[PDB]
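Student: Handing you this structure, nothing more for now.
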Ligand SMILES: Nc1ncnc2c1ncn2[C@@H]1O[C@H](COP(=O)(O)OP(=O)(O)OP(O)(O)=S)[C@@H](O)[C@H]1O
Ligand SMILES: Nc1ncnc2c1ncn2[C@@H]1O[C@H](COP(=O)(O)OP(=O)(O)OP(O)(O)=S)[C@@H](O)[C@H]1O
Ligand SMILES: [Mg+2]
Ligand SMILES: [Mg+2]
């Protein structure tokens, strides 16, 4: 019902397409009657004046039939493709609104199928409908009307053959639908195998597990064809069985008609015409059966499409969300307790601290402390189980998401670049950014020197994830991208992990000089880089180990001293 | 050189009968078609009766049916049309048409076609 | 027609089975014409003479005909469904197997979503040349042959008239079919483009969300989506424009044969009844002629998709030398001899890289960002080949050692950590599947991995998320380190293996790691110069050139570029 709304803006083409089919059909049904008038009345009588009179009329009705036929094809192609294009974009819009937990439910590989292959099935259903939505019932009603006009008593056996027909397409509905779902579920698995292989081919080659992955695919490929043969064997059995019942109706007509002629209830000349219009009823019945065969294939795809559309994201903006056009940078954590799963232990627990605007805080701690997790709470990527996160003395949940995220810039621990140009990727922060602004940002990130050295310059091609650049090069590009945005709150997850000490110094000292007034959070593994900060935040096993100056932490914070000793 | 003479057209009251003669003179080889058509004061060409000498099947107009009967005399070389129970609706000028096939006709090029004179048949 | 010949070659292993399909469909076609003939016969034999004593006999014959016709349809469909899916399976298999042979360079430059489209959307599109498409072609060619022999049986003169309209039908098919393939190949390439966007955007949606690029990616998607809608409508219109166009052509022929037939009747050759009969026999000829012509327009959708499938099937794949040798009794004699390399093959990355590593030596590779450290490693892994120079492992050239034995002797912990969506145990078992649970648990204990693995909901049997992102970045690196040590390679490469691993944990592993690294040659790439100072040899790289080489204390007193890098740390 919700998917029917996608055809509503294209209702003019949706009503014209079956109307043009009627125009074609009335012309195709007039073909034998007009060809009879040219031979039996034109040629037979010898009058050449009637030969051309019928001759021009037959070519004009064929022309109207052709115009009606092409028209039906044109109008059905518009509305069906426009249905799909509108649904594909509304699904991708929903997919963009999702959090990682939403993308983890509908596996990334499954979402690809749902946004393309599943829409295609619904789009094809609308295409098949628009053509024979009125052709199939009108030929069926018009056919039975012609059968009743000849003989009403003989039209009784036509009603007697409906029970095996109705039982057959009901069987195709109940058994069919879950089997077509399993094809769409098997395509998700072949997507999963090829996707993991593409995104990590170097690991496959390095460990020589190429034959293993070929077997991994073969298992998914064999399961896919087994899902296809199992759901389509259901039709290769039902259709010939239906055809048989359809042809058994002819024998039932000849047998009962034989009884009728024996009792003078029917004419011998009447049976000659009845045989033709009976096949028309049977042919039209197959078309009402064919739409059901398309309905069972589309019903599986409709469920998959609708559950994606009806899925609510993990992070949602409030109805009374305050607009945040101007921020200071007053980041605060009020007894914050976070868990990635209900079953797991608290990932973060007893987190209570405040950060003054413009101040630089060095975030430190052992692997898996919760540094990256703690930072993810600030741009509202995640929400705490207990406690609250506040920016400018305001609960992050009570503020508009685009307004909040617009003032916070991040440099993720695992840097990901996007396909296009260097210029496009740096403009990801601010689209309204000047060429002088992006150059200044890349100059602070020390990446400017490399970008200019390239033959295409700033318009140089960037591959998927930025694979065509070195580790620290794409890292320096990620720093520059965040800088462009001109944030009030900055997050740096091990900012220079893939950067040499010489370039590392140039970046850190460069940031201190031009990121004044911005509340910067810098996750680090090095004490010398941490000393640059106004205050140090130390984490150990989910809880806040300490918060204060280097001297305070060397005399009180045990894990800070533990980290200090491992370097000095 | 083949010519067709039309004779036997006069005033007959409703429900009456009248025979129409169509004499053909010339170097006729074999007549394959014999046709009769009526033309009203302001009409082009119509179709009343036709005869195909190969099978003998007669094709008549929808209004005529079991009234007019078309025939042809082989030895006399004259076409006939018997009109029975005449209604005042068929008051028009009647014409004759005949198709002849000569000895050894070209692969694609057709033979000849001949028309009649024309005689008025009035019925009231 | 070249792509058609290749596509039809996939039917060659099914030749005998396709002959049966043809044998069954010919019987189905001769029964399909015998059925209305028997209906017409029964009216003239039992109804017209009114002798209904023969009616049960004729009904039984007609019933057996229908029973045989329905059974043949089922038999045709059943054997064809399995026949068609065996072809589709082979095409999908051939695609995946090809990618495993194809070089790494392809995957980096071509969008992954487009490849995914070619494997599913394009291969599923060659189904409209198989199944019922083969049945309808077989049914068409028999009925066409059957009708044409019956036409000449009626009137030879009029048969030529119906055959003279055939070149016009073929011409309009040729015009429409060429346009159908044009817009359908374009539809499939825009589909792969759209699939590339959806795939890349989902995998990094966090970055899109963080930079509020949701709207800018929507309008980026809308450009390809509108293009797909535009070309899709064109391809759909051309696909079904032929059937109503051919009914117009049939009517031109019907009027032509009525004129020709009428002419012949006037020439004392035939009768009016013959014209009324020939129009009936022309209908049983036009029906398969229009059906086969429409089928030719329909197979263009499969032909266009076949091109995209074959495009992947003809890519210059990674091949071993004909006289390639297998490395037996590996020691670890790594050597570079005046090596030069460039990715773009215009601006050089590595310049005259020449160094020697004796077996068992723990060697450190250090330099600035984008120096060419990872490049040296990828060349030692033979992911790319040298422009000019030589790489010698155990005294044999890298090009002469088979890619199987080379990658078996050499192990790598890549700069960017790649994990899988399976159990922790299976992720560590990758590389060495013949490793006991004890060996896995002992190796994880050595790299301080076992601690967080035990904390997981299922332990080592905890199924990880896509690329194992349900762990901290450092924890992901620790798993990659464990996986590499479990693989037990004689040459091990640690390219920025502890980028996200804290200095405290890194110090704890380094001590236990040495015991399970002695007797093994290793290359350690690190920006934490303080950890690699104990190395047997320190190769200092700068702008694709080895500027300095030797031990830590020697390079420090030299006050060179290594000293400049080491002092910059504090
Ligand atoms: N796949 C690729 N395609 C094109 N250029 C590449 C590719 N991989 C690396 N490069 C370039 O090769 C040069 C050296 O890269 P690397 O070998 O990664 O350097 P590096 O010393 O390891 O630097 P890092 O990763 O930043 S510590 C740089 O100019 C990169 O842009
Ligand atoms: N998406 C996730 N799902 C489940 N657990 C997660 C997820 N992300 C992180 N964790 C766990 O949460 C804990 C803390 O996560 P992080 O914030 O990433 O750690 P960290 O202090 O940044 O450590 P590093 O990056 O390795 S120095 C670890 O025990 C992780 O395994
Ligand atoms: Mg982290
Ligand atoms: Mg690198």
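Residues 22-591, in that order, are what chain C shows, numbered as in Swiss-Prot.
Backbone N, Cα and C define each Cβ position, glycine as well.
According to Swiss-Prot, the protein has these features:
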type	residues	note
DOMAIN	C:39-322	domain 'ABC transmembrane type-1'
TRANSMEM	C:40-60	transmembrane segment
TRANSMEM	C:80-100	transmembrane segment
TRANSMEM	C:150-170	transmembrane segment
TRANSMEM	C:177-197	transmembrane segment
TRANSMEM	C:273-293	transmembrane segment
BINDING	C:388, C:389, C:390, C:391, C:392, C:393, C:394, C:395	ATP binding site
Student: Using DSSP, would you call residue C:390 (ATP binding site) helix, strand or coil?
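Tutor: For residue C:390 (ATP binding site) - judged by DSSP and reduced to three states - the answer is coil.
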Student: Looking at the binding-site residues C:388, C:389, C:390, C:392, C:393, which have a C-beta within less than 6 Å of some atom in ligand 4?
Tutor: none
Student: So which residues does the transmembrane segment (C:150-170) touch in its own chain, when a touch means Cβ under 8 Å and the partner is 6 or more beyond its ends?
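Tutor: That would be 28, 39, 42-43, 46-47, 49-51, 54, 97-98, 101-102, 104-105, 108-109, 180, 184, 302, 305-306, 308-310, 312-313, 316, 319-320, 323-324, 327.
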Student: Give the number of CB atoms, excluding that of residue C:390 (ATP binding site) itself, located within 10 Å of its CB.
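Tutor: 23, counting other Cβ atoms within 10 Å of residue C:390 (ATP binding site).
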Student: Would you mind listing, in sequence order, the residues at least six apart from residue C:393 (ATP binding site) in the same chain with a Cβ closer than 8 Å to its Cβ?
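Tutor: Spatial neighbours, sequence-distant, of residue C:393 (ATP binding site): C:362, C:370, C:371, C:374, C:562, C:565.
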Student: Counting other Cβ atoms within 10 Å of each Cβ, which of the binding-site residues C:392, C:395 scores lowest?
Tutor: C:395
Student: In sequence order, what residues of the same chain, 6+ apart, have a Cβ less than 8 Å from the Cβ of residue C:394 (ATP binding site)?
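Tutor: C:386, C:387, C:388, C:516, C:546, C:562 - these are the non-local Cβ neighbours of residue C:394 (ATP binding site), listed in sequence order.
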Student: Sorted by position, what residues of the same chain at least six away from residue C:391 (ATP binding site) have a C-beta under 8 A from it?
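Tutor: Non-local contacts for residue C:391 (ATP binding site): none found.
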Student: Considering the binding-site residues C:388, C:389, which residue's Cβ sits among the greatest number of other Cβ atoms within 10 Å?
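Tutor: Going through C:388, C:389 one by one, the largest Cβ count within 10 Å is at C:388.
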Student: Under a three-state reading of DSSP, tell me whether residue C:395 (ATP binding site) is helix, strand or coil.
Tutor: helix
